[PDB]
Every structure is written in structure tokens, then in C-alpha cells.
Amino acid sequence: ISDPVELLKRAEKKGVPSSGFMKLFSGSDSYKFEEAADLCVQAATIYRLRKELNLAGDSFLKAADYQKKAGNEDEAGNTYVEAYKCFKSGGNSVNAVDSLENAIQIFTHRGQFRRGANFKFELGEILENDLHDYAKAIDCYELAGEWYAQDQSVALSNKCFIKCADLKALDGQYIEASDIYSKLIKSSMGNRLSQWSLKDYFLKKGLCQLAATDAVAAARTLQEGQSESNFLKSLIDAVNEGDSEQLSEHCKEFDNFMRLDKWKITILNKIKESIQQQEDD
């Protein structure tokens, strides 16, 4: 059979719990659901080949669910990833989000945390970069980095917490972030292979601190940076002297020996303001 439509048509007539003489005559049910699964997958594939993606993703969803009615949890989630891949590649972020959410539900309940995390991250990423639900992207970037910890795979766990920290700084949870940064610093010196990146944590931690108008903590955290950090100093001052011009300048300068990335620019404007408001206060 080569018509996805037909394949799917049969896929339905078959993936149904049998009863009566049928149940008796015909071998087990799961054998049927698998048979149904295998049908949708065959359709999903023809669709994928044809570049109809949303139809391939929608096809896989069916297959996946058939697969779990057959009790092949792994084969299922694996399939959910396939559906996600399509819905993603097809720009259907909403459905691509669903798809993953199942794979994860499974990978998680099935105890496969390392693989869970892997997708928990992607999920967060789409949640963050596309749908723009930062409040939920943060939740994943956290629960994902958390699993990586147990798996003792530090490296990755950090990649999460930064995506996590950076992003809370925007939503304005200034200290929680400077905290996550603190932790990202402590559990990053035990690895002399991270040394280089450790500057940004400090600076970023200080910037958060200043943004919360806590210039002491910043001054402190700058000192601790003795066991970039030079630009933080010039800011801990421009602030301590309500001069939204020395600051507004040091940033202008620092933008030469290191163009500022969106984050810093956001956070830095939130600081320049906290100064002006204090001048007109």
C-alpha cells in the first residue's frame, strides 16, 4: 500500500481493542496496535519524504500513541522525538512543544534522565527562542540542569544554569540570579578547564547586583574576584555617585574592547535608570 491516506485509514480500523469471536480468533491486541503504529509510521515517512512535515509529525503522533497502547514505551517516546523533529523542522512550534513534552514525560517516568535532560534543554530552548514563554523556559533550563548534576556531568549542568541565570536576570529576579552565578562559580573552579569563562560569571554577578541597587554586594563580589572585573569597578562607582554619565560612558568605552551583547545592554540600561531615578528622588 502506498497511499499515506489509506495507510492511515487502515491504521485506524486496526488499532482497536478486539472482542467477541474476533478477540478469540485473532492473536493478541498489542500485536494489532503495533500493526497500527507501524502503519502510521509508514505514512509519516511517506509524508516526511514528500516534505509535508506537519502531516508527518501528525502521523507520528498517531503512531506514537498506538505504540504506547501496545505497551512499547520506549519505542513510543523515541517516536515522539521523531514527531517533534518534524513539527520543529516544519516551524509548528506549538506542536513541536507538545511532542517533546511527551517524549520527556516518558524518558522521565522510564528513568532515562540523562536523555530526558537533553530534550528538556531543547524544549527550554524553543520555549525561550520561539514561543517566548520565559517563565516556562526557565523551569526547564532548571530541571534540566538539575538532572545533569546527578548524572554528574557538570559541564552540561552549567550550560543550563547559565541559560537559567542570564534569563532570570531579565525577568528581574536579580539576586536569585547573582546566586545561581555564585554557585556556577564555586562549582567551576574545581575544574581548571573552566578557568577562562569564570570572569563573566563575576562581572555578570556584579551587574545583577548593581541592577538591584545593592552597590555593596557588588563591591564585595568584585573583591572576591581576586581569588571585565575592571569595568565592574568603574560602574560600582558611577553608581555610588549617581552619575548616569560616567557609567553611561564606561559602557560606551567598554563597548570597544568587547561589543556588548543584548543581555548586558538590557541589564545595563536597567542600571543607568536606577541611577537617574535616584537623582530625581
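Counting begins at 1, following the sequence as shown.
Missing deposited residues between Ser227 and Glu228: 4 to 9, all without coordinates in the entry. Annotation for 4-12 versus 271-279: the higher mean temperature factor (C-alpha) is found in 271-279. For the two regions 56-64 and 27-35, the entry's Cα B-factors average higher over 27-35. Note on the listed residues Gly172, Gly190, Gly111, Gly77: the highest Cα temperature factor in the record is that of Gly190. Listed residues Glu146, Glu125, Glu101, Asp166 were ranked by CA B-factor as deposited; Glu146 comes out on top. Per the PDB record, residue ranking by Cα B-factor puts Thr221 in the highest third of the chain.
Ranked by C-alpha B-factor against the other modelled residues of its chain, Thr213 falls in the lowest third. Residue-level temperature factors show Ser153 in the highest third of its chain, judged at the C-alpha atom. The PDB entry assigns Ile185 a C-alpha temperature factor belonging to the highest third of its chain's modelled residues. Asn118 sits in the middle third of its chain by CA B factor, as recorded in the PDB entry.
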